[PDB]
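Data first, discussion second: the structure below is written as structure tokens.
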Amino acid sequence: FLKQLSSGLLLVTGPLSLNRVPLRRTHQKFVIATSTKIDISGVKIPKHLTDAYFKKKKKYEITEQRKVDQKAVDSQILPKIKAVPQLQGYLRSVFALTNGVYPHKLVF
Amino acid sequence: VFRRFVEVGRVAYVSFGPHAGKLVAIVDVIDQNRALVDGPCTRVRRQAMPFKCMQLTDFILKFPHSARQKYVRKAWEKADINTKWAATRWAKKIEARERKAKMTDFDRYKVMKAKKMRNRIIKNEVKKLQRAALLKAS
Amino acid sequence: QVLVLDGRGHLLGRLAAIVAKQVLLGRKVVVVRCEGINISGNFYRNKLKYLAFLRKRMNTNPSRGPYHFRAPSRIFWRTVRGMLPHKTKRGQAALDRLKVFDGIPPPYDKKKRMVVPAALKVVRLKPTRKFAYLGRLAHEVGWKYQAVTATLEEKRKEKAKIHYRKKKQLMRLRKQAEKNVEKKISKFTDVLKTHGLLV
Amino acid sequence: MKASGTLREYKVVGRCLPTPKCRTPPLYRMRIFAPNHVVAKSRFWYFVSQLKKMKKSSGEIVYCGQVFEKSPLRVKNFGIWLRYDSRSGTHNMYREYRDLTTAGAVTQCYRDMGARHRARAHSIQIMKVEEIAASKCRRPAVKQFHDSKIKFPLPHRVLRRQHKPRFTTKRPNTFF
Amino acid sequence: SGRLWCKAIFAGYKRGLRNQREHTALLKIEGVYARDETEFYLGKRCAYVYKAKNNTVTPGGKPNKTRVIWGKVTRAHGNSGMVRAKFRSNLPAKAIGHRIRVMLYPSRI
RNA sequence: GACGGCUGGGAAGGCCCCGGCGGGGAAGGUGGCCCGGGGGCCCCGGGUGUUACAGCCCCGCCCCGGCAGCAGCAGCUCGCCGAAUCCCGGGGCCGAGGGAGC
RNA sequence: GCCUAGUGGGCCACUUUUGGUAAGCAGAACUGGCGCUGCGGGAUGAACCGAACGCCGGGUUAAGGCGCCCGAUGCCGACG
RNA sequence: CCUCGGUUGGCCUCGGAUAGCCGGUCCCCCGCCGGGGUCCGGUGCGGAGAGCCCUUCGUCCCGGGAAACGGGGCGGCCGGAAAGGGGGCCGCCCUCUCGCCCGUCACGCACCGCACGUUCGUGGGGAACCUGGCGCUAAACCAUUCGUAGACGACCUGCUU
Ligand SMILES: [Mg+2]
Ligand SMILES: [Mg+2]
Ligand SMILES: [Mg+2]
Ligand SMILES: [Mg+2]
Ligand SMILES: [Mg+2]
Ligand SMILES: [Mg+2]
Ligand SMILES: [Mg+2]
Ligand SMILES: [Mg+2]
Ligand SMILES: [Mg+2]
């Protein structure tokens, strides 16, 4: 997670070099917030990455601007991910429920 | 053969109730199923506590059967039960249960990968010892 | 997916209540070793209870009357059926989810059996109260396969001891293997010790 | 009275209404063991109406207060003199208890009478409760705890939390 | 890649003894055996997934045989972790004892 | 999560014999001493007795002794409360009405 | 104030009460019920307990309950 | 292609005692490695079901760790009847140094916030067409007969060495 947008949607990227999740909106009632964190105080989010930017338009292709914005945020947030050990693999993994593992008991 | 006896000065571990997870000293017995206890170093006020919620430990203080809280604390901090209780395997397998309770998702991922390795490194040498038994049994 | 319960040391109605609730909540249950179920009260009292059960029959046609099954498996089955709403389709499906056995048959002897502490004799009865054995009650009321079940049970137990001795040899080999490789697993043992999975 | 929960002891002081005959009536103090002060004042009017010729209409209550135990950390022996109605006859008793509070002692007496004698709280009258020293006790179930170096184990520890897994593999340990 | 829903059982309708209220369902969630544990699941969405004979359209997909009665958790039911849930259509009584997926995403944490 | 009132202007309890200086007392009798036996000086028995090599109970103020604190930071030793009471958060159900004007 | 239908076989219960050995018997008083009335509870049930009813959603209760049938203690419930 | 649907990682196992258990151990004493006395640990069971195993986004470069005795796969031996073992093991003429962990390096429909997703699943059942090999060419009933049988059915019998 990076920044809350002006419509309340959560601007997010778990980086495309790890997740195949781009710069994208999500919704806070539909995401689980784990208590593992990266300091992104020095991260310049571009000012134009807004809800008007992320709104669906109308056969879908990534524009060159959307290609270069994902790089411009990944080249900054990725050295912060790789400076804490095993978090890149942690983000590469997906979350799944298995036997005996109950969500009211697991603390995230 | 019983080893743990309810007596004046036995440290008991409180299993449930409002003072669970704590250590008390049995100061006196009232009747069949209730004892005046007192934890002056584990923050438990002197009170009647039933026997079914305390679990007896292998620690016996020496104080009289009507001596007050400060003599109980004198015996407790002279015997150093706050460190001798922690040195036992009982408190270590309590705090291991606490740590597995406090595991976060990143913690569970790192545990999964480290255990994924440790089991395979042991598992190869287990079979290595097995065929080192069959090749040396003949 | 199957709940396999060792019937030894359990009380009949307590186990049958818990099994009836599980097969209503939709879990296939296999209760093995039903001759090891205990019944509270003295044996003469329990024997005359089942003798009063036997005295009941349809006076005009006992072949239509109440079927007094003699095997401990079928007696336990009848208690669960009396605890189930067996005259509806949900009740019949609940009963059909439940299997009962005498001894521990070959599907379930190479399987771990569960125990219910809320139905156990040692938990649920005072130690001075006299109990009875379902196998002995069953045999003395007309079950014929008590001795052969006992012979097959000692035949199963003597192989279970073989499996147990091999399991112990494997686990001591596991312990020698840990003390062998405690140089190259020491950087991975500390993770499991800091997160409380080992000590 | 329905002896609900832990009883509380109340000092209830009452008197008659001052008539032109009796310009200031004498004041009567009673210790009532009751669930709350409303029940305490009602039992006070019961007992005072039984002892004197004084009613709630002709009388008043000038004080009703819970009397706290002066030593609720000290184990004491309690002697309770009792009057109760059985199914046939009325009996005087004396019973002995062990507790930290005299209100806990009286409610222990009420549940004990309900257990041993099938007697409900409406048929039981406390007459006197006194903290008795250990030498002057007459009941061996109280007197057996009068030992300085007392020592007993907990022999057959039954498994409580019978439904924590409800389906475990390992049969329980009851020795500890 | 893996399971994302909790397992629950359609234990029955909200009922007394002789009056069952079909509009409210009683769920038994696996792992919840106390009323204190129910506080996570209150408000969560629950799905009765079932297959039928004719195909129906799948959102974000091609038509197949799976069909869903959607619902959500409203309140706990009793001390032992059973839960009351309300669905869009009242659940069929053929589903009693069968599985209801309890989704994770009316997230509160 | 935070505040306050009342009570026996809470009761007990905590710290400074570890409250000071005195006076006693007895036991569910601590040291000692005596008896008895069980071990390798120690423990458990039985007796005696008043502090000693534990404790308990009854100028107690030597300004209610002096301090904390106070119906007590667990998220429990025992209450009744709130003009002496407020803040914050979560779950569920529902959106009737349709020209209010300025 | 007028017109007026139906009714003019009753039965049950706390308390009082007469005859009778007694009766799910016969006869009165007071009040409440049933008849005329479903509903929750007493397994079942004219009368008992709770409560009286338009068609529904949420909440909460009464009397009853909470091993399983069967909703609810699967409380590490208290003392016997 | 229909249709029936449920399901959404497995646990491959001492006997049991509960005023007692569990695991190692020889200097022992008995038996065909099994049992007991001795000793050592453990016991609110951590040789723990408050558990264990597996754990999956995928691919590309190069490095370290672990592995090398390994990973994948054709010919033999053991293992099972209460409702029978799909396992362990012997070699093979093959192939790789990958799999697992910590890193370097980028990539992929990034489908633009959204739901039945993700398995067990070459699931069971049903018909049908392909498409190659090994094969195998039957009874039941009626009818007739019998009378050890019989109301009728049924039953018992015979019908080319
Ligand atoms: Mg009459
Ligand atoms: Mg009549
Ligand atoms: Mg009529
Ligand atoms: Mg009327
Ligand atoms: Mg009515
Ligand atoms: Mg009845
Ligand atoms: Mg009434
Ligand atoms: Mg309603
Ligand atoms: Mg009932």
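Just so it is clear, none of the values below were taken in a lab; they were calculated from the coordinates. No Cβ is skipped: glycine too gets one built from the backbone with ideal geometry, and neighbour counts run over all protein chains shown.
Brief remarks on what is shown
- The residue that is nearest to the other protein chains (Cβ to nearest Cβ), counting only those in segment C:101-131 that are under 14 Å from residue C:72 (Cβ atoms) and out of contact with any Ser or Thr (no Cβ under 8 Å at 6 or more places or on another chain), is C:104.
- Residue, nearest to residue C:36 (Cα to Cα), within segment C:148-190, restricted to residues that are among the hydrophobic types (A, V, I, L, M, F, W, C), at the interface with another protein chain (Cβ under 9 Å from one of its Cβ atoms) and assigned to a helix (DSSP H, G or I): C:170
- The helices (runs of 4 or more DSSP H) found wholly in segment A:7-94 and carrying at least 2 residues that are within 6 Å of RNA strand H (Cβ to nearest atom), more than 14 Å from every other protein chain (Cβ to nearest Cβ) and not small (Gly, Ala, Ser) occupy A:64-82.
- Unmet criterion (only one of (1) more than 16 Å from RNA strand H (Cβ to nearest atom); (2) in contact with a strand residue (DSSP E or B) (Cβ under 7 Å, 6 or more places away or on another chain); (3) assigned to a helix (DSSP H, G or I)) for residue B:48: (3)
- Residue check for residue D:87: part of a loop (DSSP other than H, G, I, E, B) and either loosely packed, with under 14 Cβ neighbours inside 10 Å or touching a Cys at 6+ places or on another chain (Cβ under 7 Å) (or both): yes
- Restricting segment D:161-176 to residues that are of a type in the set (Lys, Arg) and at the interface with another protein chain (Cβ under 7 Å from one of its Cβ atoms) leaves a set whose member that is nearest to the chain's Cα centre (by Cα) is D:166.
- Any chance residue C:120 is under 16 Å from the mean Cα position of the chain (by Cα), closer than 28 Å to residue E:97 by Cα and not hydroxyl-bearing (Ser, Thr, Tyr): yes
- Of the criteria (1) more than 10 Å from chain C (Cβ to nearest Cβ); (2) more than 20 Å from residue B:22 (Cα to Cα), which one residue B:117 fails: (1)
- Residues in segment E:3-28 that are within 14 Å of chain A (Cβ to nearest Cβ) and surrounded by 19 or more Cβ atoms within 10 Å (Cβ to Cβ): 5 in all.
- Among the residues listed as E:95, E:34, E:85, the single one being within 30 Å of residue B:104 (Cα to Cα) and away from RNA strand F (no atom under 12 Å from the Cβ): E:34
- Residues (touching a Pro at 6+ places or on another chain (Cβ under 9 Å), β-branched (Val, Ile, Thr) and part of a helix (DSSP H, G or I)) located in segment C:1-56: none
- Applying the criterion of being among the charged types (D, E, K, R) and surrounded by fewer than 18 Cβ atoms within 10 Å (Cβ to Cβ) to the residues of segment B:109-125, the residue that is farthest from residue A:95 (Cα to Cα) is B:123.
- Residue B:27 being more than 16 Å from the chain's Cα centre (by Cα), assigned to a strand (DSSP E or B) and away from RNA strand G (no atom under 15 Å from the Cβ): yes
- Exactly one residue among C:191, C:181, C:141 is within 14 Å of residue B:122 (Cβ to Cβ), surrounded by 15 or more Cβ atoms within 10 Å (Cβ to Cβ) and β-branched (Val, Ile, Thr), and that residue is C:181.
- Matching residues in segment C:77-90 - criterion: being under 21 Å from residue C:1 (Cβ atoms) and not basic (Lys, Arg): C:77, C:80, C:84
- Comparison of D:108, D:125, D:144 shows that the only residue that is within 16 Å of RNA strand H (Cβ to nearest atom), more than 14 Å from chain C (Cβ to nearest Cβ) and closer than 28 Å to residue D:71 by Cβ is D:144.
- Restricting attention to segment D:1-36, the residues being crowded, with 20+ Cβ neighbours inside 10 Å and either within 11 Å of RNA strand F (Cβ to nearest atom) or among the β-branched types (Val, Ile, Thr) (or both) number 6.
- Residues of segment D:134-175 that turn out to be within 16 Å of RNA strand F (Cβ to nearest atom) and in a loop (DSSP other than H, G, I, E, B), as a count: 11
- Scanning segment C:142-199 for residues that are touching a helix residue (DSSP H, G or I) at 6+ places or on another chain (Cβ under 8 Å) and among the acidic types (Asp, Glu) returns C:178, C:182.
- Considering (1) touching a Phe, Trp or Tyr at 6+ places or on another chain (Cβ under 8 Å); (2) within 16 Å of RNA strand G (Cβ to nearest atom), the lone condition that residue B:20 does not fulfil carries the number (1).
- Considering residues of segment C:56-112 that are of a type in the set (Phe, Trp, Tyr) and surrounded by 12 or more Cβ atoms within 10 Å (Cβ to Cβ) only, the residue farthest from residue C:136 (Cα to Cα): C:108
- Screening segment E:72-102 for residues that are part of a loop (DSSP other than H, G, I, E, B), aliphatic (A, V, I, L, M) and under 14 Å from residue E:28 (Cα atoms) and picking the one that is farthest from the other protein chains (Cβ to nearest Cβ) gives E:82.
- Number of the condition not met by residue D:72 [criteria: (1) under 25 Å from residue B:8 (Cα atoms); (2) in contact with a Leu (Cβ under 8 Å, 6 or more places away or on another chain); (3) loosely packed, with under 15 Cβ neighbours inside 10 Å]: (3)
- Residue count, segment B:30-45 (criterion: part of a strand (DSSP E or B) and either over 13 Å from residue B:13 (Cα atoms) or among the hydrophobic types (A, V, I, L, M, F, W, C) (or both)): 8
- If you go through segment E:59-83 and pick out every residue that is under 14 Å from the mean Cα position of the chain (by Cα) and loosely packed, with under 14 Cβ neighbours inside 10 Å, you end up with 2.
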